[PDB]
């Protein structure tokens with residue numbers, strides 16, 4: 001056992017490694033979305049900028065988990081980062097809806113992680129998840145929900161100017 | 001075909017996608033190395049900082065290739081990012097040697113990519129590879145070779161103070 | 001032969017003169033587009049500013065080629081700058097599409113010029129074309145493709161608000 | 001007729017288009033002179049800078065006429081810009097003399113244009129020509145006459161140092 | 001073989017060493033010219049300063065090649081720097097003409113070096129030569145050609161004031 | 001004889017030319033040492049920087065002698081700069097020892113030069129050597145002796161960490 005390990009259950013260590021992969025996967029998905037909107041036949045720079053920022057943020061979340069793993073004496077075991085389910089997204093609205101689904105999926109994993117930490121009486125892990133991840137996910141989910149709502153009301157993707165103007169105003 | 005595509009062979013488009021995956025894989029490997037040196041039983045912060053910086057640089061290289069793919073009218077097709085060949089590295093010297101091998105492997109792929117571009121008469125692609133990638137790889141390979149040389153001369157990993165002092169002086 | 005001429009084939013000298021005329025012609029076409037959008041019955045100020053800027057940029061490209069011709073010991077032989085194929089353009093979208101066609105035509109000439117330089121083993125000429133022209137053309141073609149995509153999606157020219165809003169947001 | 005057109009005769013509109021071509025032609029001639037003095041076998045940097053500045057100024061004059069054409073409701077019809085009568089000028093003195101002849105020719109066209117505007121009772125067009133063109137041409141003609149006088153007195157082109165020193169002092 | 005060596009042919013390594021000696025030789029020749037114009041019986045300070053600057057620039061070029069040799073894993077083998085063909089130059093014009101001949105000779109060697117790199121499929125070496133050497137040589141050759149042209153036109157060396165005034169104006 | 005020559009014996013003029021070659025040779029040797037420590041298999045940047053600085057300093061010494069030669073009315077006669085006795089040095093300690101031997105050899109030549117100047121009653125030459133060269137050589141010899149002493153005490157070259165730490169502390 002690591003000299004620093006204390007009150008860190010093996011299941012929590014394994015769950016953190018799974019969360020690290022999920023965060024890296026989420027970063028990969030956002031990177032794919034950013035590339036799609038940089039295509040000449042899509043050409044929505046702020047959409048590409050928005051998802052590129054999310055991709056970097058997800059990478060930071062994964063790195064923070066890696067720091068937590070080493071702080072508690074756990075050992076990081078990396079796994080393959082699966083490619084996104086699709087390389088050709090459909091529109092700004094569809095990308096936002098997919099991002100909303102992705103964030104809720106990540107949030108669900110964190111909630112399961114917090115439940116595991118609570119069951120193992122790991123208060124530091126519970127506080128770490130609450131302080132840095134649960135609050136961020138709720139904010140991200142709310143923001144994506146707002147974006148989806150506005151895009152739907154504006155008429156996207158059927159209304160051509162809807163995503164163009166949303167790109168300039170909301171994401172600009 | 002894309003409205004912007006011009007003198008961009010399909011083989012070059014496929015090769016760029018393969019290079020993008022390799023750059024992402026290289027970033028993943030460097031991230032693994034950075035995590036290893038953050039372990040309480042390794043505890044080499046500057047080694048971790050050095051490889052973390054390389055991981056971010058490799059991600060930037062991959063993103064720049066993605067921008068090139070869209071600029072030329074190609075379509076990005078992402079693939080699974082394979083996990084690093086090992087999660088438990090052995091020492092600062094071994095990590096540097098593995099990094100040196102990785103950089104040369106990436107350089108070889110770029111040289112093959114440049115050869116493909118030359119055979120297809122794609123001067124813009126050739127210039128893009130030369131300007132932003134070939135020069136960087138030579139510098140990175142030279143830097144890693146210098147680090148390996150100094151660590152070996154200092155007596156690492158057998159000499160305990162060798163990697164500690166190299167961490168403070170060269171990487172600090 | 002001029003005292004400075006060295007490894008500068010006559011065919012390359014003739015090709016540069018042809019490229020100079022093409023660059024001047026491209027500047028003339030952009031000037032025509034800028035004037036069209038300054039008409040009281042078109043009144044798209046940022047469209048006029050955009051093409052006026054492109055016209056000046058094309059003039060700079062021609063002047064740079066003239067500087068290159070004298071640097072290598074070649075002699076500049078100017079030719080008539082043919083008038084643009086049309087004086088009455090149709091809309092912002094049509095002008096962008098025509099500009100996209102013009103840029104690709106200029107890019108094709110540069111690619112042929114680079115091929116000629118490569119066949120004549122003129123590395124300085126090849127590097128000059130790659131460094132200052134090939135990269136710019138790819139960026140210009142990508143930018144015009146993005147503008148055409150957004151204008152088409154917004155509904156131009158049928159949707160009158162499309163070009164007006166594109167004028168204010170993208171070109172403003 | 002244009003909604004803004006008022007007291008703008010058809011002949012004046014045609015004359016403005018002819019003047020626009022003449023201004024563009026004058027810019028082309030000055031550009032040719034600038035290139036000649038950039039040759040390695042001429043090498044008069046300030047002569048090249050002087051005529052390059054004149055070429056840009058002539059372009060501005062043409063663009064200002066184009067702005068005037070659209071302001072008054074006229075329609076710009078561009079024509080081929082004929083190449084300069086010669087590509088190989090003879091010396092600084094000869095270029096100045098040719099420039100002096102060119103400026104007087106442009107001035108004569110403007111005087112004819114003003115006479116046409118006066119005959120058609122177009123006070124705005126008359127004021128526009130007087131305010132921005134007639135004064136400039138007189139100044140340009142006087143300046144070129146001074147340059148020709150000094151170069152002739154200094155002994156150019158027979159006196160080798162005449163144009164060299166004139167390049168450094170007057171044009172430097 | 002060096003741990004960093006990759007796609008670096010032995011012939012390229014030998015050619016670089018020969019180029020290093022040529023650059024050092026060129027620096028030595030320029031140093032000789034600078035000393036000549038510092039003589040009390042020549043007394044052309046700006047001529048001496050000009051050639052002294054060129055001597056330092058050539059030294060920088062040689063050192064940059066040495067850096068390239070070590071970066072690619074090659075080994076630098078220095079040779080005797082032959083003395084300049086003459087210690088007593090004749091005049092500013094003759095020195096410029098000799099410098100022009102020297103620069104073209106150096107340029108020819110670089111062109112041969114680039115051809116060798118191209119034949120060996122060494123894109124990094126080709127880009128290195130193009131980026132830092134071919135462009136500089138063309139500029140240097142053009143500058144020297146301009147200096148020779150002006151000095152000849154001014155009447156040097158028979159015209160006593162020609163080199164004196166050229167020293168003050170062009171080189172001052 | 002030169003109009004400025006006064007109390008400048010021919011033997012002194014010849015000796016100065018020999019000293020100029022020796023200074024240039026010393027600069028060449030230091031340049032070779034700097035290149036050696038830039039090798040990937042040596043990788044001692046501060047050692048390379050130290051000897052590169054010495055190479056430039058020796059070049060300045062040669063140029064100052066050339067200025068003195070022309071100042072006194074003598075004529076500079078350059079000779080071939082012989083290559084260094086070896087291209088592959090052995091270690092930091094060996095390079096310092098070789099540099100120490102080189103500096104003492106240069107100092108001995110200067111002492112012989114001063115003796116010749118004293119025998120010829122050339123007080124200006126004696127003062128010039130004392131003011132700018134003799135003091136510098138003693139300082140350089142003392143500095144190199146200190147470096148050799150510390151490197152030997154630290155255990156170099158057998159103790160690999162000795163030269164690494166000396167590179168960081170003394171030469172950093």
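The first residue you see is number 1, and the count goes up from there.
Each residue, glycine too, has its Cβ placed from N, Cα and C.
According to Swiss-Prot, the protein has these features:
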type	residues	note
DOMAIN	D:6-155	domain 'Ferritin-like diiron'
BINDING	D:23, D:58, D:61	Fe cation 1 binding site
BINDING	D:58, D:103, D:137	Fe cation 2 binding site
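Taking Cβ-Cβ distances under 8 Å and a sequence separation of 6 or more, the neighbours of residue D:58 (Fe cation 1 binding site) in its chain are D:23, D:24, D:26, D:27, D:30. A Cβ within 8 Å of the Cβ centre of D:58, D:103, D:137, the residues given for Fe cation 2, is found for these other residues of the same chain: D:26, D:54, D:57, D:61, D:102, D:106, D:107, D:136, D:140, D:141. Residue D:61 (Fe cation 1 binding site) sits 13 Å from residue D:103 (Fe cation 2 binding site), taking the CA atoms of both as reference points. Note: the domain 'Ferritin-like diiron' (D:6-155) comprises 115 helix, 1 strand, 34 coil (DSSP; helix = H, G, I, strand = E, B). Cβ neighbour count for residue D:23 (Fe cation 1 binding site): 25 (other Cβ atoms within 10 Å of its Cβ, all protein chains included). Long-range Cβ neighbours of residue D:103 (Fe cation 2 binding site) (same chain, at least 6 residues apart, Cβ-Cβ under 8 Å): D:26, D:137, D:140, D:141, D:144. Here the binding-site residues are D:61, D:137, and the one with the most other Cβ atoms within 10 Å of its Cβ is D:61. Contact with chain C, taken as any Cβ pair under 8 Å, is found for none of the binding-site residues D:23, D:58, D:103.
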